[PDB]
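Colleague: Mind having a look at this structure? Questions to follow.
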Amino acid sequence: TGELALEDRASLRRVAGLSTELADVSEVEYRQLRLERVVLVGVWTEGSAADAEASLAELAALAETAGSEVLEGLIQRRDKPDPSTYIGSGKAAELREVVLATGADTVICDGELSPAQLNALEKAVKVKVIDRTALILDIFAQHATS
RNA sequence: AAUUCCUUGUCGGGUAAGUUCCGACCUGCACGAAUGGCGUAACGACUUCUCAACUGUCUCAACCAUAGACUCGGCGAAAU
């Protein structure tokens, strides 16, 4: 009753991190510039906020090296990520309008999700959901020569 | 709660290699139903599995008798 997610302020968290990056001019190449703007999301259960920020920084570096460009650092906490959605219940509708201030329909989740989670969180925001392992595989696919 | 989708390998028993299975651990909207879900002795030419004994089922076949097949006489078809 009045809890929605049945938790503390971990229920709803628009942390926004530290604004991982906010891209600008001097990288405008062709109509197809680096417009793959990505919003990161994660969950912080076992550890400290400093190491969670470090993990988000690592994910941001990975997404930046793999083309694309990060512009958000949300951290929403839940002891056990909803094995139905990765970030939460009301966050499903919340992200839909959160991504409207940004406008690139790409969300990257810091962790290995399962197909139910992928499709649920996708349909909840109408954007493309990308795993950390998927991003690493993309980096290898791009750098592989032999 | 007496809830098994619980192949979320969540380990062992069973054998040389193991299926049906039995047990603690992972299993939160999941849950199914408010009168439909759980237990149940006895019973069943119902479905699945493990043993003791037994065997030509098999490794791998061999011999004997009878009814046809085959030879002689008689009557004498059929689908196409």
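Simple scheme: letters A, B, ... for chains in structure tokens order, numbers from 1 for residues in each chain, numbers from 1 for ligands in the order shown.
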Which residues are close to residue 89 of chain A, i.e. within 9 Å by only C-alpha atoms (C1' of nucleotides), leaving aside same-chain residues fewer than 6 positions away? Reply as a ChimeraX atom specification.
Modeller: /A:4-5,11,82
Colleague: Can you write out the residues you just picked, keeping N, CA, C and O atoms, as a PDB file, in the first residue's frame?
Modeller:
```pdb
ATOM      1  N   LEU A   4       4.163   0.248  -4.249  1.00  0.00           N
ATOM      2  CA  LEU A   4       4.366  -0.134  -5.642  1.00  0.00           C
ATOM      3  C   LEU A   4       5.290  -1.342  -5.746  1.00  0.00           C
ATOM      4  O   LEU A   4       4.840  -2.449  -6.060  1.00  0.00           O
ATOM      5  N   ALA A   5       6.579  -1.142  -5.480  1.00  0.00           N
ATOM      6  CA  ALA A   5       7.576  -2.199  -5.599  1.00  0.00           C
ATOM      7  C   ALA A   5       7.904  -2.868  -4.270  1.00  0.00           C
ATOM      8  O   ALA A   5       8.718  -3.797  -4.248  1.00  0.00           O
ATOM      9  N   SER A  11      12.898   1.467  -4.526  1.00  0.00           N
ATOM     10  CA  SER A  11      11.737   1.235  -5.378  1.00  0.00           C
ATOM     11  C   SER A  11      11.830   2.060  -6.655  1.00  0.00           C
ATOM     12  O   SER A  11      11.936   1.514  -7.759  1.00  0.00           O
ATOM     13  N   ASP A  82      14.071  -8.084 -10.980  1.00  0.00           N
ATOM     14  CA  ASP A  82      12.799  -8.730 -11.296  1.00  0.00           C
ATOM     15  C   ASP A  82      13.012  -9.790 -12.323  1.00  0.00           C
ATOM     16  O   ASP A  82      13.339  -9.498 -13.461  1.00  0.00           O
TER      17      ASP A  82
END
```
Colleague: Would you mind listing, as a list in words, all residues of chain B that have at least one atom within 12 Å of chain A, where only C-alpha atoms (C1' of nucleotides) are what counts?
Modeller: residues 8, 27, 28, 29 and 30 of chain B
Colleague: Per DSSP on the backbone, what are the helix (DSSP H, G or I) residues of chain A, as a count of residues only?
Modeller: 51
Colleague: Considering only C-alpha atoms (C1' of nucleotides), return as a list in words whatever protein or nucleic-acid residues lie within 12 Å of residue 25 of chain B, sequence-local ones (same chain, fewer than 2 positions apart) excluded.
Modeller: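 Selected residues are residues 10, 11, 12, 23 and 27 of chain B.
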Colleague: Would you save the residues from that selection as a PDB file, in the first residue's frame, using N, CA, C and O atoms (P, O5', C5', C4', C3', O3' and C1' of nucleotides)?
Modeller:
```pdb
ATOM      1  P     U B  10      23.590 -25.743 -10.805  1.00  0.00           P
ATOM      2  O5'   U B  10      22.497 -26.373  -9.834  1.00  0.00           O
ATOM      3  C5'   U B  10      22.040 -25.679  -8.683  1.00  0.00           C
ATOM      4  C4'   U B  10      21.509 -26.640  -7.648  1.00  0.00           C
ATOM      5  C3'   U B  10      21.685 -28.118  -7.968  1.00  0.00           C
ATOM      6  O3'   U B  10      22.986 -28.600  -7.667  1.00  0.00           O
ATOM      7  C1'   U B  10      19.465 -27.724  -7.247  1.00  0.00           C
ATOM      8  P     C B  11      23.310 -30.169  -7.794  1.00  0.00           P
ATOM      9  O5'   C B  11      24.899 -30.272  -7.637  1.00  0.00           O
ATOM     10  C5'   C B  11      25.604 -31.446  -8.028  1.00  0.00           C
ATOM     11  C4'   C B  11      25.730 -32.428  -6.887  1.00  0.00           C
ATOM     12  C3'   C B  11      25.830 -33.902  -7.277  1.00  0.00           C
ATOM     13  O3'   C B  11      27.162 -34.319  -7.534  1.00  0.00           O
ATOM     14  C1'   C B  11      24.109 -33.630  -5.688  1.00  0.00           C
ATOM     15  P     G B  12      27.507 -35.881  -7.724  1.00  0.00           P
ATOM     16  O5'   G B  12      27.100 -36.557  -6.338  1.00  0.00           O
ATOM     17  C5'   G B  12      26.887 -37.960  -6.246  1.00  0.00           C
ATOM     18  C4'   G B  12      26.119 -38.336  -5.001  1.00  0.00           C
ATOM     19  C3'   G B  12      25.481 -39.719  -5.015  1.00  0.00           C
ATOM     20  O3'   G B  12      26.381 -40.753  -4.652  1.00  0.00           O
ATOM     21  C1'   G B  12      23.869 -38.133  -4.357  1.00  0.00           C
ATOM     22  P     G B  23      10.731 -38.640  -2.528  1.00  0.00           P
ATOM     23  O5'   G B  23      11.624 -38.898  -1.235  1.00  0.00           O
ATOM     24  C5'   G B  23      12.220 -37.818  -0.531  1.00  0.00           C
ATOM     25  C4'   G B  23      13.647 -38.130  -0.157  1.00  0.00           C
ATOM     26  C3'   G B  23      14.550 -36.927   0.084  1.00  0.00           C
ATOM     27  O3'   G B  23      14.436 -36.398   1.396  1.00  0.00           O
ATOM     28  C1'   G B  23      15.616 -38.408  -1.406  1.00  0.00           C
ATOM     29  P     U B  27      15.209 -20.117  -3.089  1.00  0.00           P
ATOM     30  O5'   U B  27      14.654 -19.592  -4.487  1.00  0.00           O
ATOM     31  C5'   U B  27      13.259 -19.433  -4.700  1.00  0.00           C
ATOM     32  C4'   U B  27      12.830 -20.040  -6.012  1.00  0.00           C
ATOM     33  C3'   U B  27      11.370 -20.456  -6.106  1.00  0.00           C
ATOM     34  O3'   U B  27      10.503 -19.379  -6.411  1.00  0.00           O
ATOM     35  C1'   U B  27      12.731 -22.226  -6.858  1.00  0.00           C
TER      36        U B  27
END
```
Colleague: Set the distance at 12 Å and use only C-alpha atoms (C1' of nucleotides): which residues neighbour residue 32 of chain B once local chain neighbours fewer than 6 positions away are removed? I'd like the list as a list in words.
Modeller: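 Returned residues: residues 3, 4, 5 and 38 of chain B.
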Colleague: Write to file, as a PDB file, in the first residue's frame, the residues of the selection just made, with C-alpha atoms (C1' of nucleotides).
Modeller:
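Okay, this is what ended up in part26.pdb:
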```pdb
ATOM      1  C1'   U B   3       2.029 -27.033  -5.036  1.00  0.00           C
ATOM      2  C1'   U B   4       5.372 -29.351  -8.869  1.00  0.00           C
ATOM      3  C1'   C B   5       5.644 -25.822 -14.851  1.00  0.00           C
ATOM      4  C1'   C B  38      -4.327 -32.596  -2.078  1.00  0.00           C
TER       5        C B  38
END
```
Colleague: Kindly indicate which residue among B:59, B:20, B:35, B:71 lies nearest to residue 47 of chain B, using only C-alpha atoms (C1' of nucleotides) for the distances.
Modeller: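 When distances to residue 47 of chain B are compared using only C-alpha atoms (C1' of nucleotides), the smallest one comes from B:20.
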Colleague: Please compute the atom CA of residue 127 of chain A-atom CA of residue 103 of chain A distance, one decimal, in Å.
Modeller: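 Straight-line distance from atom CA of residue 127 of chain A to atom CA of residue 103 of chain A works out to 9.9 Å.
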